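Trainee: Following this message is one structure expressed as structure tokens.
Where a number appears in this text, it was derived from the coordinates with a stated rule and is not lab data. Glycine gets a Cβ as well: all are built from the backbone with ideal geometry, and neighbour counts include every protein chain shown.
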Amino acid sequence: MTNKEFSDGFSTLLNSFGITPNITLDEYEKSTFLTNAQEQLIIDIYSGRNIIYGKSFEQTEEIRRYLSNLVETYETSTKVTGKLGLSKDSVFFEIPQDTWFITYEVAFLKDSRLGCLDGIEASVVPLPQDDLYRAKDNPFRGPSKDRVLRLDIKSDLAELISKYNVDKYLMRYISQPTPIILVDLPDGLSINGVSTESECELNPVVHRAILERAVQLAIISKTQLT
Amino acid sequence: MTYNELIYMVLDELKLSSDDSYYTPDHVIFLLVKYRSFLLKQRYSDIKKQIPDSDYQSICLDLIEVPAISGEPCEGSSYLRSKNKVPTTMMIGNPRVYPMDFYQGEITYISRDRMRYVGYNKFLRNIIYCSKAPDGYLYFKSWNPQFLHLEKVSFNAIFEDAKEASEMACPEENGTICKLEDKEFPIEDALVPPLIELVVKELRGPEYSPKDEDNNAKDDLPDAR
């Protein structure tokens, strides 16, 4: 559905300007509720907390088709120099800053110590801070030629703890979706920092579910004190 | 395999990963070292079997001349003894003290009781005899005054406590290994699964048991607190 179609369908579902009592929303209000419904729905879908679907980020073809258009791949070789880590062999890599949730994350190693295995792709394992001390020395769950520990730190960073030198850092994450803005908003107004029209980038399959959720949120907003 | 691999196999099968765990790796080292001797006795004390090379360890000794009792003239002939206390060997393998060459020398490790009386045979007057006295030291005895020049020996045996004997290994070619965790654990691979499951059974029940977890000048265990 297009922006005109989000708006017309949203009005039709709210019975705007019908004879019975009803609710009428401005295009900014429509955009607010559509974007809120979009973000709520995709977070619930990713985490699998939606009772209607009850499935996680890629647990079925339906959810794949829904969140396929947020999946972005990232690659970086630059390391942030001056930062304080929990080990001598800790390197820091910036996060794309539009990341929502990291779903795949892998690291290529370039070191002469691991002879003839150079450039080995190594699995980046997110490790909690409880597990870190007892995992530095762990030979089965700790850093190795085929395993790297990643810790989240301040300023949108990934502290990679590795035994061998880390050359490249590859990621595949869920991105900030573009907001659903139905009209060029006036000066000052914006949704997620966007003032111009922004169409939903997801597939049209989930647009109608987003419309239903937005309508329900509108009815909640108008009828939470009555 | 090293101490590290066995320790972390046990910890991971118990899933004692967090630093805020009641049972630390020290408990694991203690239990592993005791269950190793337990299993080695159960396997190799009933009837005589071949002991693999994995169960053995070479500790590495410096000898010093000492008086029999004190410096008196009539207190008997002097002994050599190791500078530091020696681990107790188990009585199942092939204990052997050797002069830095396993394939050479004849230094006999015998019992304390036998070594009271050795060397009277005229053809056995040049054999150096060894035994761990109740002092905890390895004592040497011979009727040949040449034995008092001996400065260094290596002792290879199935020692009863692997940690003590691992602290006293000879230097490797690269050098000494400071961390016990980086050293090799002295047991055959065929006896590693039995040892691990015994230690994991030992600590599985206690892993999930309650604690006296309130600070109230009271014992809180009868209430499963």
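Trainee: Do we have B:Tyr22 as surrounded by fewer than 15 Cβ atoms within 10 Å (Cβ to Cβ) and either of a type in the set (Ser, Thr, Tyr) or touching a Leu at 6+ places or on another chain (Cβ under 6 Å) (or both) here? Steps first, answer last, please.
Mentor: Details: surrounded by fewer than 15 Cβ atoms within 10 Å (Cβ to Cβ): yes; either of a type in the set (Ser, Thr, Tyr) or touching a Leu at 6+ places or on another chain (Cβ under 6 Å) (or both): yes.
Against the criterion (surrounded by fewer than 15 Cβ atoms within 10 Å (Cβ to Cβ) and either of a type in the set (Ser, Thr, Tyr) or touching a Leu at 6+ places or on another chain (Cβ under 6 Å) (or both)), B:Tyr22 qualifies.
Trainee: A further question follows. Restricting to segment A:140-192, give me the number of residues that are surrounded by fewer than 15 Cβ atoms within 10 Å (Cβ to Cβ) and within 14 Å of chain B (Cβ to nearest Cβ).
Mentor: Result for segment A:140-192: 1.
To keep it simple, each residue is scored yes or no on (1) within 14 Å of chain B (Cβ to nearest Cβ); (2) in a helix (DSSP H, G or I); (3) among the hydrophobic types (A, V, I, L, M, F, W, C).
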site	(1), (2), (3)
A:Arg65	no, yes, no
A:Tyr74	no, no, no
A:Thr78	no, no, no
A:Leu84	no, no, yes
A:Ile102	no, no, yes
A:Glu105	no, no, no
A:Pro128	yes, no, no
A:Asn138	yes, no, no
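Trainee: Given B:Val199, B:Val192, which one is over 17 Å from B:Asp55 (Cα atoms), of a type in the set (A, V, I, L, M) and either more than 22 Å from the chain's Cα centre (by Cα) or not in a loop (DSSP other than H, G, I, E, B) (or both)?
Mentor: Values: B:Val192 fails: over 17 Å from B:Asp55 (Cα atoms).
Answer to the selection: B:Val199.
Trainee: Output the qualifying pairs, or none if there are none: Cβ atoms under 8 angstrom, residues six or more apart or on different chains, first residue in segment B:1-24 and over 20 Å from B:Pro210 (Cα atoms) and within 7 Å of chain A (Cβ to nearest Cβ), second residue small (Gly, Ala, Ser) and part of a loop (DSSP other than H, G, I, E, B).
Mentor: none
Trainee: With (1) within 12 Å of chain A (Cβ to nearest Cβ); (2) outside any helix (DSSP H, G or I); (3) in contact (Cβ under 8 Å) with a residue 12 or more places away in the chain as the list, and B:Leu61 as the residue in question, which single condition is left unmet?
Mentor: Of (1) within 12 Å of chain A (Cβ to nearest Cβ); (2) outside any helix (DSSP H, G or I); (3) in contact (Cβ under 8 Å) with a residue 12 or more places away in the chain, only one is false for B:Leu61: (1).
Trainee: State which residue pairs qualify: first residue free of Cβ contacts under 8 Å to residues at least 60 places away in the same chain and inside segment A:119-132, second residue among the acidic types (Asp, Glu) and assigned to a strand (DSSP E or B) in any location, beta carbons under 9 Å apart, and separation of 6 or more residues or different chains.
Mentor: As it stands, the answer is A:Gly119/A:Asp167; A:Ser123/A:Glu105; A:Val124/A:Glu105; A:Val125/A:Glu105; A:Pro126/A:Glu105; A:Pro126/A:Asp152, since those pairs meet every condition given.
Trainee: Can I ask one more? On the basis of being in a loop (DSSP other than H, G, I, E, B) and either touching a residue at least 24 places away in the same chain (Cβ under 8 Å) or closer than 30 Å to A:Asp187 by Cα (or both), does A:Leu13 make the cut? Before you say what the answer is, go through the steps one by one.
Mentor: On the way: in a loop (DSSP other than H, G, I, E, B): no; either touching a residue at least 24 places away in the same chain (Cβ under 8 Å) or closer than 30 Å to A:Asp187 by Cα (or both): yes.
No, not satisfied.
Trainee: Against the condition farther than 30 Å from A:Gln216 by Cβ and either part of a loop (DSSP other than H, G, I, E, B) or within 14 Å of chain B (Cβ to nearest Cβ) (or both), how does A:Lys55 come out, does it pass? Please lay out each step first, then the result.
Mentor: Details: farther than 30 Å from A:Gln216 by Cβ: no; either part of a loop (DSSP other than H, G, I, E, B) or within 14 Å of chain B (Cβ to nearest Cβ) (or both): yes.
No, not satisfied.
Every residue, every condition in (1) within 14 Å of B:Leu14 (Cα to Cα); (2) touching an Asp or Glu at 6+ places or on another chain (Cβ under 7 Å); (3) among the β-branched types (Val, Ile, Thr), yes or no:
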position	(1), (2), (3)
B:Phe185	no, no, no
B:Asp189	no, no, no
B:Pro194	no, no, no
B:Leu198	yes, no, no
B:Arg204	yes, no, no
B:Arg225	no, yes, no
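Trainee: On to the next question. Consider segment B:63-114. How many of its residues are of a type in the set (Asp, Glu) and surrounded by 14 or more Cβ atoms within 10 Å (Cβ to Cβ)? Break it down into steps so the answer makes sense when it comes.
Mentor: Residues of segment B:63-114 that are of a type in the set (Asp, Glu), as a first pass: B:65, B:72, B:75, B:101, B:106, B:113.
Filter once more, keeping what is surrounded by 14 or more Cβ atoms within 10 Å (Cβ to Cβ): none.
Total satisfying the criteria: 0.
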